[PDB]
Amino acid sequence: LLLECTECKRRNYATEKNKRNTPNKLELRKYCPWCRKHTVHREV
Amino acid sequence: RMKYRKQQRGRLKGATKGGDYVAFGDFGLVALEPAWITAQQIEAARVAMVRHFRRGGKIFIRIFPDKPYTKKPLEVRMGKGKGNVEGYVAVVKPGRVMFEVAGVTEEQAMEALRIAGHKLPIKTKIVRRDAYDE
Amino acid sequence: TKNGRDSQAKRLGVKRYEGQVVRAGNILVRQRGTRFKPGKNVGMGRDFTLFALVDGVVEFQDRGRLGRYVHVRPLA
Amino acid sequence: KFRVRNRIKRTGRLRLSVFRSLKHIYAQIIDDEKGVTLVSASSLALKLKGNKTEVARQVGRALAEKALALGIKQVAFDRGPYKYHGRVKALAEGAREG
Amino acid sequence: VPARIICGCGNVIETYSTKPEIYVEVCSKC
Amino acid sequence: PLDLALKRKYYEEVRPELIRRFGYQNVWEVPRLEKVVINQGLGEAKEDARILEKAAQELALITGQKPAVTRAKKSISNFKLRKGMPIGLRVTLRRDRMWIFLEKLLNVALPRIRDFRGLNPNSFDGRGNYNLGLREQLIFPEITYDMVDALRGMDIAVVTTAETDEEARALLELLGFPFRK
RNA sequence: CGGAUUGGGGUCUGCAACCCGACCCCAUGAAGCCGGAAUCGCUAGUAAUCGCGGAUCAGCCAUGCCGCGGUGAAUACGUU
RNA sequence: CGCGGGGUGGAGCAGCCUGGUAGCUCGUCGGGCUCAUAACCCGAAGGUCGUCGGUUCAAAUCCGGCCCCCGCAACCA
RNA sequence: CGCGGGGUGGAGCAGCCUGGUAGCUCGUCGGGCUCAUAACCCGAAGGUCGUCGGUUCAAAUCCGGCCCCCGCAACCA
RNA sequence: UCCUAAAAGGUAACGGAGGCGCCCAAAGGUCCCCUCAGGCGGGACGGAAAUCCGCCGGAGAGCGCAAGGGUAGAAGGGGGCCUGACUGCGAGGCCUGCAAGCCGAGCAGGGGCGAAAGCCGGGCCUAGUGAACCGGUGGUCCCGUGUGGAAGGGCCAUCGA
RNA sequence: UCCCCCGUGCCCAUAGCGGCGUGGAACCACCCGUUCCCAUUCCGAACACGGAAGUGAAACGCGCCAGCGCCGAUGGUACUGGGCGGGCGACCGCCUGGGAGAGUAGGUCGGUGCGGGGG
Ligand SMILES: [Mg+2]
Ligand SMILES: [Mg+2]
Ligand SMILES: [Mg+2]
Ligand SMILES: [Mg+2]
Ligand SMILES: [Mg+2]
Ligand SMILES: [Mg+2]
Ligand SMILES: [Mg+2]
Ligand SMILES: [Mg+2]
Ligand SMILES: [Mg+2]
Ligand SMILES: [Mg+2]
Ligand SMILES: [Mg+2]
Ligand SMILES: [Mg+2]
Ligand SMILES: [Mg+2]
Ligand SMILES: [Mg+2]
Ligand SMILES: [Mg+2]
Ligand SMILES: [Mg+2]
Ligand SMILES: [Mg+2]
Ligand SMILES: [Mg+2]
Ligand SMILES: [Mg+2]
Ligand SMILES: [Mg+2]
Ligand SMILES: [Mg+2]
Ligand SMILES: [Mg+2]
Ligand SMILES: [Mg+2]
Ligand SMILES: [Mg+2]
Ligand SMILES: [Mg+2]
Ligand SMILES: [Mg+2]
Ligand SMILES: [Mg+2]
Ligand SMILES: [Mg+2]
Ligand SMILES: [Mg+2]
Ligand SMILES: [Mg+2]
Ligand SMILES: [Mg+2]
Ligand SMILES: [Mg+2]
Ligand SMILES: [Mg+2]
Ligand SMILES: [Mg+2]
Ligand SMILES: [Mg+2]
Ligand SMILES: [Mg+2]
Ligand SMILES: [Mg+2]
Ligand SMILES: [Mg+2]
Ligand SMILES: [Mg+2]
Ligand SMILES: [Mg+2]
Ligand SMILES: [Mg+2]
Ligand SMILES: [Mg+2]
Ligand SMILES: [Mg+2]
Ligand SMILES: [Mg+2]
Ligand SMILES: [Mg+2]
Ligand SMILES: [Mg+2]
Ligand SMILES: [Mg+2]
Ligand SMILES: [Mg+2]
Ligand SMILES: [Mg+2]
Ligand SMILES: [Mg+2]
Ligand SMILES: [Mg+2]
Ligand SMILES: [Mg+2]
Ligand SMILES: [Mg+2]
Ligand SMILES: [Mg+2]
Ligand SMILES: [Mg+2]
Ligand SMILES: [Mg+2]
Ligand SMILES: [Mg+2]
Ligand SMILES: [Mg+2]
Ligand SMILES: [Mg+2]
Ligand SMILES: [Mg+2]
Ligand SMILES: [Mg+2]
Ligand SMILES: [Mg+2]
Ligand SMILES: [Mg+2]
Ligand SMILES: [Mg+2]
Ligand SMILES: [Mg+2]
Ligand SMILES: [Mg+2]
Ligand SMILES: [Mg+2]
Ligand SMILES: [Mg+2]
Ligand SMILES: [Mg+2]
Ligand SMILES: [Mg+2]
Ligand SMILES: [Mg+2]
Ligand SMILES: [Mg+2]
Ligand SMILES: [Mg+2]
Ligand SMILES: [Mg+2]
Ligand SMILES: [Mg+2]
Ligand SMILES: [Mg+2]
Ligand SMILES: [Mg+2]
Ligand SMILES: [Mg+2]
Ligand SMILES: [Mg+2]
Ligand SMILES: [Mg+2]
Ligand SMILES: [Mg+2]
Ligand SMILES: [Mg+2]
Ligand SMILES: [Mg+2]
Ligand SMILES: [Mg+2]
Ligand SMILES: [Mg+2]
Ligand SMILES: [Mg+2]
Ligand SMILES: [Mg+2]
Ligand SMILES: [Mg+2]
Ligand SMILES: [Mg+2]
Ligand SMILES: [Mg+2]
Ligand SMILES: [Mg+2]
Ligand SMILES: [Mg+2]
Ligand SMILES: [Mg+2]
Ligand SMILES: [Mg+2]
Ligand SMILES: [Mg+2]
Ligand SMILES: [Mg+2]
Ligand SMILES: [Mg+2]
Ligand SMILES: [Mg+2]
Ligand SMILES: [Mg+2]
Ligand SMILES: [Mg+2]
Ligand SMILES: [Mg+2]
Ligand SMILES: [Mg+2]
Ligand SMILES: [Mg+2]
Ligand SMILES: [Mg+2]
Ligand SMILES: [Mg+2]
Ligand SMILES: [Mg+2]
Ligand SMILES: [Mg+2]
Ligand SMILES: [Mg+2]
Ligand SMILES: [Mg+2]
Ligand SMILES: [Mg+2]
Ligand SMILES: [Mg+2]
Ligand SMILES: [Mg+2]
Ligand SMILES: [Mg+2]
Ligand SMILES: [Mg+2]
Ligand SMILES: [Mg+2]
Ligand SMILES: [Mg+2]
Ligand SMILES: [Mg+2]
Ligand SMILES: [Mg+2]
Ligand SMILES: [Mg+2]
Ligand SMILES: [Mg+2]
Ligand SMILES: [Mg+2]
Ligand SMILES: [Mg+2]
Ligand SMILES: [Mg+2]
Ligand SMILES: [Mg+2]
Ligand SMILES: [Mg+2]
Ligand SMILES: [Mg+2]
Ligand SMILES: [Mg+2]
Ligand SMILES: [Mg+2]
Ligand SMILES: [Mg+2]
Ligand SMILES: [Mg+2]
Ligand SMILES: [Mg+2]
Ligand SMILES: [Mg+2]
Ligand SMILES: [Mg+2]
Ligand SMILES: [Mg+2]
Ligand SMILES: [Mg+2]
Ligand SMILES: [Mg+2]
Ligand SMILES: [Mg+2]
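Residue numbers (the working numbering), protein chains in the order written: chain L, 1 to 44; chain Y, 1 to 134; chain B, 1 to 76; chain G, 1 to 98; chain W, 1 to 30; chain P, 1 to 181.
Dropping the structure here:
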């Protein structure tokens, strides 16, 4: 399953890859935008 | 037997390792000329030898056929021969010791070891055992 | 008769030999695994490649049970 | 179990070989590449008292003196076979204090 | 706790093991 | 709790007699009882952690110590085990923890063993060590009857500092190990 | 409950109880929790049930047979 | 992708309107009855009614999202 | 020489795609109804999954080779 | 991937053999700890092979999958914390007709683990893939046909072989 | 200068396996205990802390041994750049320069650099 990590409190993205049925319903790892620096990132 | 599959031909350059000395037995048979000796050829000599001195001593066979023999069924060019038609062979180079006889008289070894030479595609020679060992 | 396969050659091996000047960080040896280990001013990348970290000359050294090493003996 | 010691070696310079017996503690500041020691502030071999942990601190600050006595700074700490914990840690504790 | 091995053939032994109400049937004294 | 019958038995009784029979040189050539380990190869409660717990805490009482688990490695289709999921309930114990257990054992367990006849004389592994299997685990002190929901036994091993096992035989007999001889 | 099986010890008949008797005592304590498709008996002092005797015969493998009494039902609309 | 309508007993579907309701057929076992399968008659067990959240006194029912199968056309550099 | 399909209790078929458990019918064996046999009723047993080798923890089931059965194919000169 | 391939690299045939069109939020980063296979002996169920103890046992195990190279002075097994499976770059090279593929020190930002030295720009490594064009969704210094918007387009990100 | 031991690097088996002997005065190990720092998927086994008493058993240092492992010539042959000749061939021979693997003779239970304590 292909994925694209949005930044929280914003609207950025990242090169991602969930795994759906394998224990990965969630997804909110930490990442780093160009506006500001370093924050959480949802699945989306 | 086991190994794996079909095997390239490869040449028969000088009889370097192609050879040995008499291991066991009173006498033996040596190859004067390089060749692929077939399974059939081997057994041919064997059974010959026994048949000569019925209920006889002991025949050793220092050579052994493990090269696969490929061959095409009367066709042209796709793939490598299903091969194995003569089946298998042994690389005998000048010098090699092929058969040892023991437990018999000379006149028996000479004769039998000679008769065997008639089945082999090669010029050969029968040795006593000099003494040269190691 | 299935067999016509193969992969394309990867062209690997030592790229710079012993007693050869080297610039800042040019590759020195491309190797399958660890046929060679790092050394003085010589790191290695993901593919086990071995490259210079400084200028100077390349020298090899066999350390027996240890391995075969390659490093740059700088100068300036 | 000299993995530690190896990694450290491929870091560059100034190894701090804290050795430690059942009532002892030492430290060579050794420079490889040539295989030579400099500062060597021992303890049981030096003179100090008897209380390991306590003993550490000084034997650490002991190197300290003899270090700047030559111009030194690379902390490269050979946390040998021993975990960074007591007498070993404390050996550093002071080695850095001074 | 100090255990109490009570057996019908004397041999009352003490040791250590939670709750010392150890009624042993036929201990090693017999 | 440094002190006890069996603890001292070894020192002030066995120990000196070993010097008689063999008579060494250094005090550290005299064979030490110094390691004993329980175990419960249970492919039985392998399925559920329910039947698996009671056997562990039950074990805990008899040993007095906190039992450990042991997982499988290979994979056995013939008896339904793969990665390491399952279980064997082993627990190592030494020092005074072991002397206290051995007292119970050699003087309460072996006794209450149905038709006991003495530990098999052959259970020595050529080197100074001894092991033994047990069925019913209830032949242990604190273990109540209404407590057991299954007759799950187990087996134990005891290590020496001896090299040969005659010394271990001698050592263990003296220490109160009733051998069938 | 049920008393099969097995061990052990013993009495009696009879020249003789290995094969093969019957009984006693201890111990051992089996399958069996009411039985598939199917099928037998009996219309009143009957069935069911509970004992007693006798022929035979040293003894008895009788739970068999022949006979005896004790307690004592159910149900027959109807002849497809 | 957006459109549409459902996941109800060992099998589906009725119940989903316009909330106050799990029943149907066959199946399983038992009983009645037959020369007999079977037909037939009496009775019983086998449904978070895909899922979580919300309205309501009350839902399978109304509502959101989700999980899945079916169907609709329509697009594929 | 090619390509495709298949070898499973005594007979004929299922299972293999999507590895854990070999099922259906006849037949076989025991018992019952009958005067008897057939039918019908009750109960049971029976399979190295062509053979050799591999992958797997595990192979009828996946992969490779040999052997046998079936279907197609073998043209222009 | 290995052989053919003739000890640099390369190198053909309807030459000999086998895989790929993935997978893993832990199978990733780091800090600490740990070392197999297998053989003999001893062990209640087990039983050639579960788990237990002893001894011997330098790599014949293991490294998600083919094969090779490597490898326990870890790349292998466990744990604690974690998310560098970063953003802005990129000296210098390998490889190469072109296009493409590959390795990469170090700098800034900002962060993870660690006592520190230091390590981190995914996975021991070499397969797990698709130029351009056309279009979709998110965004955004830009363009917007007289002017202001809007339509549309560009740029960055990603999507449909 | 010398010797013993301790920590560390180097050549990377002629250093190793096993056998036998040896030292605890200093050093090192084990040993005492687990209050505290800290620790066991369970066990102070391990790591960790306090610390005399005991010990050289284990480990380790040292030394002697060759049985195993490891090193191993010389001579000679295979093969072979370069040059030439022969057989239909499968092949074979000569010249010039190079030259192993195996096996043999034999070697080995190591050598050495820096620092520190000890006479
Ligand atoms: Mg999520
Ligand atoms: Mg999306
Ligand atoms: Mg021929
Ligand atoms: Mg033609
Ligand atoms: Mg003779
Ligand atoms: Mg003769
Ligand atoms: Mg001839
Ligand atoms: Mg001839
Ligand atoms: Mg001749
Ligand atoms: Mg010779
Ligand atoms: Mg090819
Ligand atoms: Mg290749
Ligand atoms: Mg090619
Ligand atoms: Mg290739
Ligand atoms: Mg203090
Ligand atoms: Mg300092
Ligand atoms: Mg206790
Ligand atoms: Mg008694
Ligand atoms: Mg000893
Ligand atoms: Mg010994
Ligand atoms: Mg009597
Ligand atoms: Mg029954
Ligand atoms: Mg009852
Ligand atoms: Mg009677
Ligand atoms: Mg009578
Ligand atoms: Mg009667
Ligand atoms: Mg519509
Ligand atoms: Mg239906
Ligand atoms: Mg319906
Ligand atoms: Mg309906
Ligand atoms: Mg019905
Ligand atoms: Mg059901
Ligand atoms: Mg339902
Ligand atoms: Mg349900
Ligand atoms: Mg479908
Ligand atoms: Mg459909
Ligand atoms: Mg429709
Ligand atoms: Mg078929
Ligand atoms: Mg087939
Ligand atoms: Mg067939
Ligand atoms: Mg089949
Ligand atoms: Mg058949
Ligand atoms: Mg058949
Ligand atoms: Mg048959
Ligand atoms: Mg098939
Ligand atoms: Mg039938
Ligand atoms: Mg029949
Ligand atoms: Mg019949
Ligand atoms: Mg009849
Ligand atoms: Mg019949
Ligand atoms: Mg007929
Ligand atoms: Mg029956
Ligand atoms: Mg039937
Ligand atoms: Mg049947
Ligand atoms: Mg059947
Ligand atoms: Mg069956
Ligand atoms: Mg098959
Ligand atoms: Mg099967
Ligand atoms: Mg045709
Ligand atoms: Mg024509
Ligand atoms: Mg035509
Ligand atoms: Mg290659
Ligand atoms: Mg190769
Ligand atoms: Mg090449
Ligand atoms: Mg190659
Ligand atoms: Mg050449
Ligand atoms: Mg070449
Ligand atoms: Mg070649
Ligand atoms: Mg090459
Ligand atoms: Mg070929
Ligand atoms: Mg794809
Ligand atoms: Mg994790
Ligand atoms: Mg083992
Ligand atoms: Mg043994
Ligand atoms: Mg056993
Ligand atoms: Mg087993
Ligand atoms: Mg066993
Ligand atoms: Mg290796
Ligand atoms: Mg593999
Ligand atoms: Mg592999
Ligand atoms: Mg290669
Ligand atoms: Mg490999
Ligand atoms: Mg390999
Ligand atoms: Mg290897
Ligand atoms: Mg390997
Ligand atoms: Mg690791
Ligand atoms: Mg890893
Ligand atoms: Mg981790
Ligand atoms: Mg570049
Ligand atoms: Mg280019
Ligand atoms: Mg690539
Ligand atoms: Mg490349
Ligand atoms: Mg990996
Ligand atoms: Mg590669
Ligand atoms: Mg175009
Ligand atoms: Mg565009
Ligand atoms: Mg904008
Ligand atoms: Mg900008
Ligand atoms: Mg504008
Ligand atoms: Mg604008
Ligand atoms: Mg205009
Ligand atoms: Mg204008
Ligand atoms: Mg305008
Ligand atoms: Mg716009
Ligand atoms: Mg736009
Ligand atoms: Mg002097
Ligand atoms: Mg001087
Ligand atoms: Mg050096
Ligand atoms: Mg000794
Ligand atoms: Mg001493
Ligand atoms: Mg004590
Ligand atoms: Mg405590
Ligand atoms: Mg206290
Ligand atoms: Mg405190
Ligand atoms: Mg304290
Ligand atoms: Mg700690
Ligand atoms: Mg713990
Ligand atoms: Mg303290
Ligand atoms: Mg003394
Ligand atoms: Mg002494
Ligand atoms: Mg010693
Ligand atoms: Mg030693
Ligand atoms: Mg050698
Ligand atoms: Mg040699
Ligand atoms: Mg020579
Ligand atoms: Mg030449
Ligand atoms: Mg030449
Ligand atoms: Mg010439
Ligand atoms: Mg010619
Ligand atoms: Mg040589
Ligand atoms: Mg030799
Ligand atoms: Mg020799
Ligand atoms: Mg040696
Ligand atoms: Mg030695
Ligand atoms: Mg010195
Ligand atoms: Mg000195
Ligand atoms: Mg001095």
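We put the beta carbon where it would ideally sit given N, CA and C, even for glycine.
- Sequence-distant Cβ neighbours of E34 of chain P in its own chain, meaning closer than 7 Å and more than five residues away, are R94, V159, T161.
- In the three-state DSSP reduction, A102 of chain Y falls in the strand class (E or B).
- Of all residues in the segment 102-114 of chain P, only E103, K104, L106, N107, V108, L110, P111, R112 come within less than 8 Å of chain W when Cβ atoms are compared, listed by chain position.
- Relative to the non-hydrogen atoms of ligand 18, the Cβ of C7 of chain W never comes closer than 8 Å to any of them.
- Look at the segment 50-78 of chain P: the residues with a C-beta under 9 Å from a C-beta of chain W are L61, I62, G64.
- Taken in chain order, the whole alpha helix (DSSP H) runs of length 4 or more contained in the segment 9-56 of chain P are 15-21.
- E111 of chain Y has its CB no nearer than 8 Å to any heavy atom of ligand 3.
- For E97 of chain G, the enclosing alpha helix (DSSP H) stretches over residues 87-97.
- In this structure, P:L171 is the residue among P:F79, P:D115, P:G128, P:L171 with its C-alpha nearest to the C-alpha of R15 of chain P.
- Looking only at P:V108, P:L42, P:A157, P:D165, the smallest Cα-Cα distance to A150 of chain P is reached by P:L42.
- Judged by DSSP secondary structure, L102 of chain P falls outside any beta strand (DSSP E) and instead within the alpha helix (DSSP H) spanning 95-104.
- Considering only beta carbons, the part of the segment 1-28 of chain P lying closer than 9 Å to chain W consists of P1, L4, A5, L6, in chain order.
- Under the Cβ distance rule, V24 of chain W counts among the residues neighbouring chain P, one pair being separated by less than 9 Å.
- Taking the Cα of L14 of chain G as reference, the smallest distance to any Cα among G:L44, G:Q28, G:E97 is reached at G:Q28.
- Looking at Y:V76, Y:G83, Y:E75, Y:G56, the one whose alpha-carbon comes closest to that of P68 of chain Y is Y:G83.
- In chain order, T15, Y16, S17 make up the part of chain W whose C-beta sits under 8 Å from the C-beta of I100 of chain P.
- Residues of the segment 131-147 of chain P that bring their beta carbon within less than 8 Å of a beta carbon in chain W comprise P141, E142, in sequence order.
- When the beta-carbon positions are compared, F60 of chain Y and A23 of chain Y come within less than 9 Å of each other.
- Contact between the segment 2-22 of chain G and the segment 74-83 of chain G is present, with at least three C-beta pairs closer than 8 Å.
- Distance from the C-beta of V22 of chain B to the nearest heavy atom of ligand 4 is not below 8 Å.
- Between ligand 19 and the CB of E18 of chain B, the shortest heavy atom gap is not smaller than 8 Å.
- In the same chain as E25 of chain W, and ignoring 5 residues on each side of it, the C-beta atoms closer than 8 Å to its own belong to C7, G8, in chain order.
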